[PDB]
Amino acid sequence: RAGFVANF
Amino acid sequence: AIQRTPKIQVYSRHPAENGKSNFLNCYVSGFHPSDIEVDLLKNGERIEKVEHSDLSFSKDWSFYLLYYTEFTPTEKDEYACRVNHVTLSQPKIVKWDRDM
Amino acid sequence: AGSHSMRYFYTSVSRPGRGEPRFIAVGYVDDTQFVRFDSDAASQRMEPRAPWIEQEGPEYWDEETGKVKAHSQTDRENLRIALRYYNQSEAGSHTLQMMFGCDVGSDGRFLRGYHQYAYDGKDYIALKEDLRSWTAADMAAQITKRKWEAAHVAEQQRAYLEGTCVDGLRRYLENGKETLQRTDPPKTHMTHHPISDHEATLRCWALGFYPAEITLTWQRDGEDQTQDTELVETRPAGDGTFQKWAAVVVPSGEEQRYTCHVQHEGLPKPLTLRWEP
Ligand SMILES: [Zn+2]
């Protein structure tokens, strides 16, 4: 179950 | 941009015995960037129904791929893996050695 | 096994003049892949790659598909940001890789978490071990670090890694118990290959083992042969097991000075092998 990422 | 050359291993799933069906593997690892061409050869000719694993990478961010196909080895037939990558001047051909 | 990991690996590769970046995602429990997403594939869905993950209801597949597509979009944007940060042209192809995951012990307790990026194969930014701050590798990455500090990205990721990530891993381990918990020991043997009248190769083999973690070493007179050992990378057999061998070149007649040593979680005790003609 995956998490999330953010913009650079 | 970092570039790393592929490590190449060609090998059977099971110990070969002439006449018994098996799987021929070409494992390419440690390379970067990810674009790469991999063919399994039988007596110099490209084998057709060849599958491969989903692109993934190791702790050091280098990629690895497994290419495989069913096969039935014999005393006579030569097998090899041919690999091209941007780090290679020319395609690299690694012959299957049943003791490796 | 004594500890377990859940890991996701993301690769984006820009294709200038050929549309949006290629985006590939794969998820693993230990050394077993269980999902994939590939932007080139027609389904545009997260897809199963291990039997036990198909026990997940349809909500799962919809949700995981939504998340991986949102991830693809963000890393697409990320490739663009990086071009600007590094003042690179739109003509070149570039790679953005992302990995995250959690390790838990056999007691079900959190051991460590990861959340990190590499750009063109080099470390860009990574969540440190205490899950509270960032290792940013260069000038560009400090801009991202400042941005993520202000939005408290470290706390969001710590909560994910210690919470949902661990919950997910435990659930997968339950559903895939019959295969995921196995610790199949290597079957070992040794072979001898003459090179000349002066030398031969001794090769120690480990076959059929899971998980992939293994230590295979040669000793001469009880001493490490680190700088004289040919040691290949652990490789998949294709049937869910792994293979490895280590070899040494030995002077003729000196075979008995050499021992092969095998450590693997599946072994009741570490193995010592000798050449037995
Ligand atoms: Zn000593």
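Residue numbers begin at 1 in each chain, while the letters A, B, ... track the order of the sequences.
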message: Please determine whether the number of non-hydrogen atoms from other residues, nucleotides or ligands lying under 6.0 Å from atom CZ of C:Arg15 exceeds 12.
response: yes

- request: Could you tell me which non-hydrogen atom of C:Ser89 sits nearest to which non-hydrogen atom of C:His94, and how far apart they are?
  value: O-NE2, 4.4 Å

Student check: side-chain heavy atoms of C:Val153 and C:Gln156 closer than 4.5 Å: yes

field: Side-chain H-bond candidate by donor/acceptor type, C:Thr234 with C:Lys244, under 3.5 Å
entry: yes

field: Derivation of the salt bridge (charged side-chain N to carboxylate O under 4.0 Å, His left out) call for C:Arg203 and B:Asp97
entry: CA-CA 14 Å; C:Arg203 180 164 292 114; B:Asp97 183 324; over 6 Å; no

B:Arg13 NZ/CZ over B:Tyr68 ring centroid, <6.0 Å and within 45° of normal: no

message: Apply side-chain hydrogen bond (donor to acceptor under 3.5 Å, both in side chains) to residues C:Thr32 and C:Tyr210 and explain how you reach the verdict.
response: CA-CA 10 Å; C:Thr32 300; C:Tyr210 185 94; 2.8 Å; yes

task: Compare all side-chain heavy atoms of C:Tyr114 with those of C:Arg7 and state whether any distance is below 4.5 angstrom.
output: yes

message: Taking the basic N atoms (NZ, or NE/NH1/NH2) and the acidic carboxylate oxygens, is any pair closer than 4.0 Å for C:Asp130 and C:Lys128?
response: no

- request: Indicate the atoms forming the closest heavy-atom contact of C:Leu83 with C:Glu90, along with that distance.
  value: CD1-CA, 3.9 Å

- request: State, yes or no, whether a side-chain contact exists between B:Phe63 and C:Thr11 at a heavy-atom distance under 4.5 Å.
  value: yes

message: Tell me whether the count of non-hydrogen atoms from other residues, nucleotides or ligands lying under 6.0 Å of NZ in C:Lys122 goes above 12.
response: yes

message: Working note: B:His14 + B:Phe23, criterion ring-ring contact (aromatic ring centres under 6.0 Å, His included); need CA distance, chi angles, decisive distance, verdict.
response: CA-CA 7 Å; B:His14 305 287; B:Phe23 282 87; 7.5 Å; no

- request: Any chance you could lay out the side-chain hydrogen bond (donor to acceptor under 3.5 Å, both in side chains) test for A:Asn7 and C:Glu77, step after step, and finish with the verdict?
  value: CA-CA 7 Å; A:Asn7 287 130; C:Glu77 291 156 1; 2.8 Å; yes

task: Using the six-membered ring wherever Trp is involved, compare the ring planes of C:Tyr10 and C:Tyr8 and label them parallel, tilted or perpendicular (cut-offs 30° and 60°).
output: parallel

field: Over all atoms of both residues, closest heavy-atom pair of B:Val83 and B:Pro6
entry: CG1-CG, 4.1 Å

- prompt: C:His189 vs C:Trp205 aromatic rings, parallel, tilted or perpendicular, using cut-offs 30° and 60°?
  reply: parallel

- prompt: So do the side chains of C:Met46 and C:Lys69 get within less than 4.5 Å of each other, counting heavy atoms only?
  reply: no

- request: Check whether more than 12 heavy atoms from other residues, nucleotides or ligands sit under 6.0 Å from atom CD of C:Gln44, and answer yes or no.
  value: yes

- request: Considering non-hydrogen atoms only, spot the tightest contact between C:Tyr258 and C:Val249 and give its length.
  value: OH-O, 4.2 Å

- request: Kindly say whether B:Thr72 contributes a backbone atom to a donor-acceptor pair with the side chain of B:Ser21 at under 3.5 angstrom?
  value: no

task: List in chain and number order the residues that pass ring pair (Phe, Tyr, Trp, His ring centres under 6.0 Å) with C:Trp52, two or more places apart in sequence or in another chain; answer none if no residue qualifies.
output: C:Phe34, C:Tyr172

CG-CE distance between C:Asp30 and C:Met6, expressed to the nearest 0.5 angstrom: 11.0 Å

- prompt: Hey, what's the ring geometry for B:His85 with B:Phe31, parallel, tilted or perpendicular (30° and 60° as the breaks)?
  reply: perpendicular

message: Could you check whether any side-chain N or O of C:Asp221 sits under 3.5 Å from a backbone N or O of C:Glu223, counting only pairs where one atom can act as donor and the other as acceptor?
response: no

query: By ring pair (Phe, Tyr, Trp, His ring centres under 6.0 Å), which residues pair with C:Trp148, not counting sequence neighbours?
result: C:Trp134

- prompt: Hey, would you say the C:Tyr119 and C:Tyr86 ring centroids sit under 6.0 Å apart?
  reply: yes

- request: Dump the intermediate steps for ring-ring contact (aromatic ring centres under 6.0 Å, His included) on C:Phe23 and C:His71, then the final yes or no.
  value: CA-CA 9 Å; C:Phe23 173 76; C:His71 188 140; 5.7 Å; yes

- prompt: Relative to each other, are the rings of A:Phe4 and C:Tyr160 parallel, tilted or perpendicular (30° and 60° limits)?
  reply: tilted

task: Look only at the side chain of C:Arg146 and the backbone of C:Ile143, and say whether a donor-acceptor pair between them is shorter than 3.5 Å.
output: no

field: Sidechain N-carboxylate O distance under 4.0 Å for C:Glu63, A:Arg1
entry: yes

task: Please examine the side chains of C:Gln97 and C:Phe9, heavy atoms only from C-beta on, and report whether any two atoms are closer than 4.5 Å.
output: no

message: So which atom in C:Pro185 and which in C:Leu267 form the shortest heavy-atom distance, rounded to 0.1 Å?
response: CB-CD2, 3.8 Å

- request: Decide if atom NZ of C:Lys177 counts as having more than 12 heavy atoms of other residues, nucleotides or ligands within a radius under 6.0 Å.
  value: no

query: Within a strict 4.5 Å, meaning less than it, do heavy atoms of the C:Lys145 and C:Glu149 side chains meet?
result: yes

B:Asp54 side chain near C:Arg49 side chain, heavy-atom distance below 4.5 Å: yes

- prompt: Would C:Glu64 and C:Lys67 count as a salt bridge (charged side-chain N to carboxylate O under 4.0 Å, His left out) if you check the C-alpha gap in whole Å, the side-chain angles of each, and the deciding distance to 0.1 Å?
  reply: CA-CA 5 Å; C:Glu64 291 303 302; C:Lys67 288 194 289 190; 2.9 Å; yes

- line: Only residue of C:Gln225, C:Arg257, C:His261 satisfying side chain to side chain donor-acceptor pair (under 3.5 Å) with C:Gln219 is C:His261

Flag side-chain contact, heavy atom, 4.5 Å: C:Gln181 against C:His4: yes

query: Does a sphere of radius 6.0 Å around CZ in B:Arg98 hold more than 12 heavy atoms from other residues, nucleotides or ligands, not counting ones at 6.0 Å or beyond?
result: yes

query: Going through the distances and angles, do C:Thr241 and C:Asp239 end up as a side-chain hydrogen bond (donor to acceptor under 3.5 Å, both in side chains)?
result: CA-CA 6 Å; C:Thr241 67; C:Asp239 58 2; 2.7 Å; yes

task: With C:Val29 as reference, evaluate C:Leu169, C:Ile53, C:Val35 under the side-chain contact (heavy atoms from CB on, under 4.5 Å) test and give the passing residue.
output: C:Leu169

message: Does C:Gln256, at its CD atom, have more than 12 non-hydrogen atoms belonging to other residues, nucleotides or ligands within less than 6.0 Å?
response: yes

- request: Consider only side-chain N and O atoms of C:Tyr124 and C:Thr144, and report whether a donor and an acceptor are under 3.5 Å apart.
  value: yes

- prompt: When the ring centroid of B:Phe71 is compared with that of B:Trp96, is the distance short of 6.0 Å?
  reply: yes

